[PDB]
Amino acid sequence: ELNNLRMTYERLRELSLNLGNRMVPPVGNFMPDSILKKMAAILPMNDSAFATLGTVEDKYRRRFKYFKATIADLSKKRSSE
């Protein structure tokens, strides 16, 4: 029951608040709860794959670049844990 997806969703929550407060001015909502969920389950490591997220705003696609380092890691660890 070591749901890596849960670790992903949580890592995203921690990262969203981390980078979000590191932005000036603060974002507040670095990544919406919905996007954090689908991205944590699908774990898209590419823009061409991001299309499977269903609906991500273009503005969401931008700051997405700040999550690539974590998404890539969890997408890789998905087949490990």
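Cut-offs applied
Residues numbered from 1 in each chain as written, not as in the entry; some residues may be left out. Heavy atoms only, no water. Salt bridge = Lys/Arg side-chain N within 4 Å of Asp/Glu carboxyl O. Helix = DSSP H or I, 4+ residues; strand = E, 2+ residues; numbered from the N terminus. Buried < 20%, exposed > 50% of the residue type's maximum accessible area, 1.4 Å probe, protein only.

Per the deposited record, the coordinates in this entry were obtained by solution NMR.

The chain goes by SGS1 RECQ HELICASE in the PDB entry, where it is assigned to Saccharomyces cerevisiae. Its PDB title, taken directly from the record, is "NMR STRUCTURE OF THE HRDC DOMAIN FROM SACCHAROMYCES CEREVISIAE RECQ HELICASE".

Trainee: Pulling in residues and values, what's your account of the pattern of salt bridges?
Mentor: Applying the stated criterion to the full structure yields six salt bridges. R13 is the partner of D33 in a salt bridge, and the nearest nitrogen-oxygen pair spans 2.7 Å. With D33 in helix α2 (residues 33-42) and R13 in helix α1 (residues 4-21), this residue pair connects regions lying 20 residues apart in the sequence. Among the residues examined, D33 registers a relative accessible area of 29% and is labelled partly exposed. One salt bridge in this structure joins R61 and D58, with 2.8 Å as the shortest N-O distance. Placement of both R61 and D58 in helix α4 (residues 58-63) is noted, with a separation of three residues, approximately one turn of the helix. Linked through salt bridges whose partners overlap, the residues forming this network are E10, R11 and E14.

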